[PDB]
Amino acid sequence: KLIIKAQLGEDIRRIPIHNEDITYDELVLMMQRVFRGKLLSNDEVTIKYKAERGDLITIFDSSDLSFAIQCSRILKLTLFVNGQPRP
């Protein structure tokens, strides 16, 4: 359904999400689980996402998260005309 691909430094975790009404606080908890050995219980986790055209945008709460998820569903196509990308 939905894949969350999360990066902390060089470590990348790929998490499949089924309930799409996931809350911000649930997402934080999930990040804490998947990055178990990288974090202390008292670390403060900040979450950003790659927006359309690669700029990071901070997610502060569940409504930011929901919008970020809706903005996720992009299919990026490149078209070729008679085999040429630049006719």
Side-chain angles (χ1 to χ4, degrees):
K1 194 57 148 200
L2 165 71
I3 294 300
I4 286 172
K5 189 158 154 170
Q7 185 179 357
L8 179 61
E10 18 190 7
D11 301 298
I12 305 172
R13 303 285 177 261
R14 193 165 184 289
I15 315 83
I17 280 68
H18 310 278
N19 81 101
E20 300 152 45
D21 74 330
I22 178 172
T23 71
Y24 177 80
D25 289 331
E26 287 171 341
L27 173 70
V28 175
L29 282 175
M30 283 181 37
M31 296 300 99
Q32 298 179 311
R33 300 295 182 276
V34 303
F35 288 104
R36 194 200 305 264
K38 315 292 165 185
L39 302 168
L40 291 169
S41 72
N42 51 59
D43 281 331
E44 188 197 280
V45 181
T46 282
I47 298 169
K48 307 198 189 175
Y49 81 107
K50 293 182 201 171
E52 223 171 295
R53 193 57 189 160
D55 50 298
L56 294 184
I57 296 178
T58 301
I59 291 168
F60 295 103
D61 58 32
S62 300
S63 46
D64 293 336
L65 177 54
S66 181
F67 187 73
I69 285 163
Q70 292 308 307
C71 293
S72 86
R73 304 197 56 195
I74 311 296
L75 171 70
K76 293 159 172 277
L77 300 178
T78 67
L79 301 187
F80 298 80
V81 178
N82 307 314
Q84 302 299 136
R86 285 174 295 273

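Any value given below was found using the heavy atoms of this structure, including those in side chains, with hydrogens, waters and symmetry copies removed. Counting begins at 1 with the first residue of the sequence.
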inquiry  = Return the CD to CG distance between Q32 and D43, rounded to the nearest 0.5 Å.
reply    = 9.0 Å

message = Checking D11 now: which residues fulfil salt bridge (charged side-chain N to carboxylate O under 4.0 Å, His left out) with it, not counting sequence neighbours?
response = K38

Selection residues 12-22 - residue pairs positive for salt bridge (charged side-chain N to carboxylate O under 4.0 Å, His left out), sequence neighbours left out = none

query = Is it true that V45 and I59 fall in one hydrophobic cluster, defined by side-chain heavy atoms closer than 4.5 Å?
reply = yes

query = Please walk me through it: do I4 and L27 pass side-chain contact (heavy atoms from CB on, under 4.5 Å)?
reply = CA-CA 10 Å; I4 286 172; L27 173 70; 3.8 Å; yes

note = Joining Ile, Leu, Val, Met, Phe, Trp and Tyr whenever any side-chain heavy atoms lie under 4.5 Å apart, the cluster holding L56 also takes in none

inquiry  = List the residues meeting side chain to side chain contact (heavy atoms under 4.5 Å, CB included) with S62, not counting sequence neighbours, and say none if there are none.
reply    = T23, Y24

task = Give, for atom CE of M30 and atom CD1 of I22, the distance between the pair rounded to the nearest 0.5 Å.
result = 4.5 Å

request  = Begin with the C-alpha distance, continue with both residues' side-chain angles, and end with the deciding distance and a verdict on side-chain contact (heavy atoms from CB on, under 4.5 Å) for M31 and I15.
outcome  = CA-CA 9 Å; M31 296 300 99; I15 315 83; 4.0 Å; yes

key: Residues forming a side chain to side chain contact (heavy atoms under 4.5 Å, CB included) with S41, sequence neighbours excluded   = none

request  = With sequence neighbours excluded, give me every salt bridge (charged side-chain N to carboxylate O under 4.0 Å, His left out) pair touching residues 52-79.
outcome  = none

Interatomic spacing from CG in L65 to CZ in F60 - rounded to 0.5 Å = 13.0 Å

Sub-4.5 Å side-chain heavy-atom contact between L8 and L39 = yes

task = Look only at the side chain of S72 and the backbone of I69, and say whether a donor-acceptor pair between them is shorter than 3.5 Å.
result = yes

note = Hits for side chain to side chain contact (heavy atoms under 4.5 Å, CB included) against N42, two or more places apart or cross-chain, chain-then-number order -> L40

key: Test side chain to side chain contact (heavy atoms under 4.5 Å, CB included) applied to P16 - qualifying residues, sequence neighbours left out   = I3, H18

